[PDB]
Every structure is written in C-alpha cells, then in structure tokens.
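A.B. asks: Just dropping in an experimental structure and the matching sequence.
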Amino acid sequence: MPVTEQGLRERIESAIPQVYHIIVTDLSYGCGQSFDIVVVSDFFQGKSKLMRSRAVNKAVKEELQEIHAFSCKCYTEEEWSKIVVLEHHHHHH
C-alpha cells in the first residue's frame, strides 16, 4: 500500500546512481512490509556489504521510513571471485 514493489525499482534507481542493474522482488505474498531487492554496482568496491547498507539508508532514508523492514542485496562479482565463473550466464529455453 504505502510502497509498491514495481515502483520500488524506480525509487531505487532514482535513489542511487544508474547502477549496472536494479531488481525489486517482494519476498512476502503480494504487498507487505518485507522486501527483497538485488542491485549490482561498484559501490560495493572497497566496501563491505554491511557498509553498503548504511550508505543505502542515507541514499534512501525515506524508503526505510516507509518500509518497516526490507533487504537490499548488492554484489559486484567480488563475492563470486575469479575462481571459475564459467560464465554460465542465463540459460537456454
């Protein structure tokens, strides 16, 4: 009600610099306070995931006020590491 999952993506995009990709997914059924979104950016470069949360709150402080509890997963291939990515990008139909 107070926040829209679809609208959230737009807010996030406008709440942060045009990152590589922004995705908003609601973990709870339909609408709810719980939110789960994933975004990839260099913002996580040289900074820990926990640190990003603090920056995100400042960037989207109003979002937190509207949202009782939400998550914002962020990665930049760093977590994956060089190891063996084997690309494995997307999949065939």
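C.D. replies: Perfect, thanks for sending it. Numbers count the residues shown, from 1 in each chain.

A.B. asks: Now do the strands in the chain.
C.D. replies: 21-25, 36-40, 71-74 (DSSP state E).

A.B. asks: and the end-to-end length of stretch 76-93?
C.D. replies: From its first residue to its last, stretch 76-93 covers 26 Å (CA to CA, to the nearest Å).

A.B. asks: ugh, wrong one, I meant stretch 71-79
C.D. replies: Termini of stretch 71-79 sit 17 Å apart (CA to CA).

A.B. asks: buried sites along it?
C.D. replies: Within stretch 71-79, the residues that count as buried by 16 or more other CB atoms under 10 Å are 72, 74, 76. (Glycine included, C-beta is placed from N, CA and C.)

A.B. asks: In this structure the second one contacts residue 45, no?
C.D. replies: Right, the one you point to is residue 74. No - applying CB atoms under 8 Å, one finds residue 74 not in contact with residue 45, separated by 10.7 Å.

A.B. asks: residues shared between the contacts of these two?
C.D. replies: Common contacts of residue 74 and residue 45, defined by CB atoms under 8 Å, 6 or more residues apart in numbering, are absent altogether.

A.B. asks: Just grab the bridge partners of the spatially most central residue of the chain for me.
C.D. replies: The centroid of the chain falls nearest to residue 38 when counting by CA atoms, centre = their mean (3.1 Å). In this entry, residue 38 is beta-bridged to residue 23, residue 73, by DSSP bridges.

A.B. asks: any idea how far it lies from residue 20?
C.D. replies: Distance, residue 38 to residue 20, using CB to CB, to the nearest Å: 11 Å.
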